[PDB]
Amino acid sequence: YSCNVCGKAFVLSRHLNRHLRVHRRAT
Ligand SMILES: [Zn+2]
């Protein structure tokens, strides 16, 4: 699993989803 927005790889999908939420921000 990897954050498509950057390329940061994660082992767990749940962690990646949390990381995706951070990209769903404006600032
Ligand atoms: Zn990311």
# chains A, B, ... in the order shown; residues from 1 in each chain; ligands from 1
>>> residues_near_ligand(ligand="ligand 1", cutoff="8 Å", atoms="only C-alpha atoms and all ligand atoms", output="PDB file with N, CA and C atoms, in the first residue's frame")
ATOM      1  N   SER A   2       0.531   2.214  -0.827  1.00  0.00           N
ATOM      2  CA  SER A   2       1.303   3.439  -0.906  1.00  0.00           C
ATOM      3  C   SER A   2       0.389   4.647  -1.092  1.00  0.00           C
ATOM      4  N   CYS A   3       0.771   5.768  -0.500  1.00  0.00           N
ATOM      5  CA  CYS A   3       0.005   6.991  -0.636  1.00  0.00           C
ATOM      6  C   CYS A   3       0.259   7.568  -2.016  1.00  0.00           C
ATOM      7  N   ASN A   4      -0.731   7.479  -2.886  1.00  0.00           N
ATOM      8  CA  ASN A   4      -0.603   7.917  -4.287  1.00  0.00           C
ATOM      9  C   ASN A   4      -0.258   9.398  -4.400  1.00  0.00           C
ATOM     10  N   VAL A   5      -0.664  10.161  -3.409  1.00  0.00           N
ATOM     11  CA  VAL A   5      -0.435  11.599  -3.386  1.00  0.00           C
ATOM     12  C   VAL A   5       1.062  11.945  -3.254  1.00  0.00           C
ATOM     13  N   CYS A   6       1.851  11.013  -2.743  1.00  0.00           N
ATOM     14  CA  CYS A   6       3.270  11.283  -2.504  1.00  0.00           C
ATOM     15  C   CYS A   6       4.163  10.105  -2.901  1.00  0.00           C
ATOM     16  N   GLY A   7       3.763   8.911  -2.510  1.00  0.00           N
ATOM     17  CA  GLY A   7       4.560   7.731  -2.781  1.00  0.00           C
ATOM     18  C   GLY A   7       4.987   7.029  -1.506  1.00  0.00           C
ATOM     19  N   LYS A   8       4.547   7.558  -0.369  1.00  0.00           N
ATOM     20  CA  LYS A   8       4.872   6.979   0.934  1.00  0.00           C
ATOM     21  C   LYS A   8       4.195   5.621   1.095  1.00  0.00           C
ATOM     22  N   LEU A  16      -2.589   3.750   6.033  1.00  0.00           N
ATOM     23  CA  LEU A  16      -2.544   4.518   4.806  1.00  0.00           C
ATOM     24  C   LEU A  16      -3.769   5.411   4.694  1.00  0.00           C
ATOM     25  N   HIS A  19      -3.361   8.329   6.731  1.00  0.00           N
ATOM     26  CA  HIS A  19      -2.398   9.170   6.045  1.00  0.00           C
ATOM     27  C   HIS A  19      -3.058   9.893   4.860  1.00  0.00           C
ATOM     28  N   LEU A  20      -4.058   9.258   4.264  1.00  0.00           N
ATOM     29  CA  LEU A  20      -4.803   9.860   3.166  1.00  0.00           C
ATOM     30  C   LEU A  20      -5.640  11.014   3.677  1.00  0.00           C
ATOM     31  N   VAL A  22      -4.954  13.032   5.977  1.00  0.00           N
ATOM     32  CA  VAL A  22      -4.080  14.189   6.145  1.00  0.00           C
ATOM     33  C   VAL A  22      -3.913  14.942   4.813  1.00  0.00           C
ATOM     34  N   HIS A  23      -4.035  14.217   3.702  1.00  0.00           N
ATOM     35  CA  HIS A  23      -3.928  14.830   2.373  1.00  0.00           C
ATOM     36  C   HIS A  23      -5.265  15.394   1.926  1.00  0.00           C
TER      37      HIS A  23
END
